[PDB]
Amino acid sequence: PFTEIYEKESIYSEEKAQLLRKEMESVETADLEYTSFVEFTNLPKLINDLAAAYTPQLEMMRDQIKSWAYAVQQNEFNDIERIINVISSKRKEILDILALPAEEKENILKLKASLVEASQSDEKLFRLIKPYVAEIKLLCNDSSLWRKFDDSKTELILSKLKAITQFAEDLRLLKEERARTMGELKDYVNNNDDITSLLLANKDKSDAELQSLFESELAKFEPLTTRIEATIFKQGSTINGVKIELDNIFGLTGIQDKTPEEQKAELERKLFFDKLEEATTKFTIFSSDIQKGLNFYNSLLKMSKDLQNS
């Protein structure tokens, strides 16, 4: 007596759950990025090896290209290009569904279909960079063939190594700091996040806000989210600087003589072929769009099935 209080509380809890979901998505993306970096670079074994030889980049590029190509190959959706034919099939299904209705909700559905068609047209624009990259990536033979085709400076290397160590430790500490930051934010919702005892502003109305109190109560969560974003950006520039310094150290460690001009040109070509990976990532990002569009299409088809005879 009554149950409305628990309803409002449930609503506020839902909002809080949404915010925590957003923040968790952000930190998850950050952690995934840093983990991908730390996995690709292998900074620990590189530092250990360099330190051992004191007192390769090609292996890295091979590992990253192999991982990207394998991941792209596994998700059998982008390479096949059968999705357009599938869309045509879905269109045929919708055509069959459209074939004794006498209302204007069919024309509206047609308009929605038109919008989906426009979305498909927009989807076509990204096919240019995708098709060339993905097809050359799908073949192990071609990719392997193309990939295969292409003192007193010790103290500097040592200093660079030290800087790399400090940078790495700073990065790990940043990740730990973010994880703890979240841990406290989530632990703040499953603990002393108050209740309906603060809900003394009458018995709402409702629908007349009623929501300003929720926004206000949510606005005190800002100092944790801001700390999360701060640690994320800091780990961002940390990642950039560490990448730069490690690139310099890796360029000072190897040959460095150098010659010939065809050598630097070939290396340049190799670094050029690594720009395909970017397009691969882009096509991966485009994969999550075609999936959503197929979901909407299937939803529309099921909607037509229901509208036919529910």
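Residues numbered from 1 in each chain as written, not as in the entry; some residues may be left out. Heavy atoms only, no water. Residues with missing side-chain atoms left out of burial classes, pairs and counts.

Check the secondary structure of the chain and you find twelve helices and zero strands. Counting from the amino terminus, helix and strand elements in the chain follow one another as α-α-α-α-α-α-α-α-α-α-α-α. Compactness check: the chain gives a C-alpha radius of gyration of 27 Å against a globular reference of 19 Å for 310 residues, more than 25% above the reference. Across its three principal directions, the C-alpha atoms of the chain cover 80 × 60 × 25 Å. (Helix = DSSP H or I, 4+ residues; strand = E, 2+ residues; numbered from the N terminus. Rg over C-alpha atoms; globule rule 2.2 N^0.38 Å.)

Along its 38 residues, helix α1 (residues 4–41) runs 55 Å from first to last C-alpha, staying within 8% of the 56 Å computed at 1.5 Å per residue. Looking at the residues trailing α1, positive phi occurs at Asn42, about 55°. (Expected span 1.5 Å × (residues − 1).)

To continue, consider unusual backbone geometry. The omega angle of the peptide bond from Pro1 to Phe2 is 0°, so this bond is cis rather than trans. For the peptide bond that leads from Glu209 to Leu210, omega is -5°, which places it in the cis range. By the element assignment, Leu210 lies in the loop between α8 (154–189) and α9 (212–218). If you check the backbone angles, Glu81 has positive phi at about 60° while not being a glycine. A positive phi angle, close to 55°, is found at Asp194, a residue other than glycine. For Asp194, the position within the fold is in the loop between α8 and α9.

With that settled, consider the domain arrangement of the chain. How big an interface is tends to be expressed through the accessible area that disappears when the partners come together. Taken domain by domain, the chain holds domain 1 (1–55 + 151–256) and domain 2 (62–150 + 257–310). Computed from C-alpha coordinates alone, the two centres of domain 1 and domain 2 are separated by 31 Å. (Domains from an automatic or database assignment.)

Across the interface, α8 lies against helix α10 (residues 222–253) with an axial gap of 9 Å and an inter-helix angle of 160°. Taken together, the axes of α8 and α10 lie roughly antiparallel to each other. Regarding α8 and α10, the two cross each other, and that crossing is left-handed. Of the residues in α10, those touching α8 at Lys160, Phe167, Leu174, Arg178 and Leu185 are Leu224, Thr231, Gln235, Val242 and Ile249. Looking at the contact of α8 with α10 residue by residue, the classes come out as six nonpolar, two polar and two charged. (Axes fitted to C-alpha atoms, helices over the stretch in contact; angles between N-to-C directions. Parallel < 35°, antiparallel > 145°, perpendicular 65-115°, else oblique. Left-handed = near helix turned anticlockwise from the far one by under 90°. Contact = heavy atoms within 4.5 Å. Nonpolar A, V, L, I, M, F, W, Y, C, P; charged D, E, K, R; others polar.)

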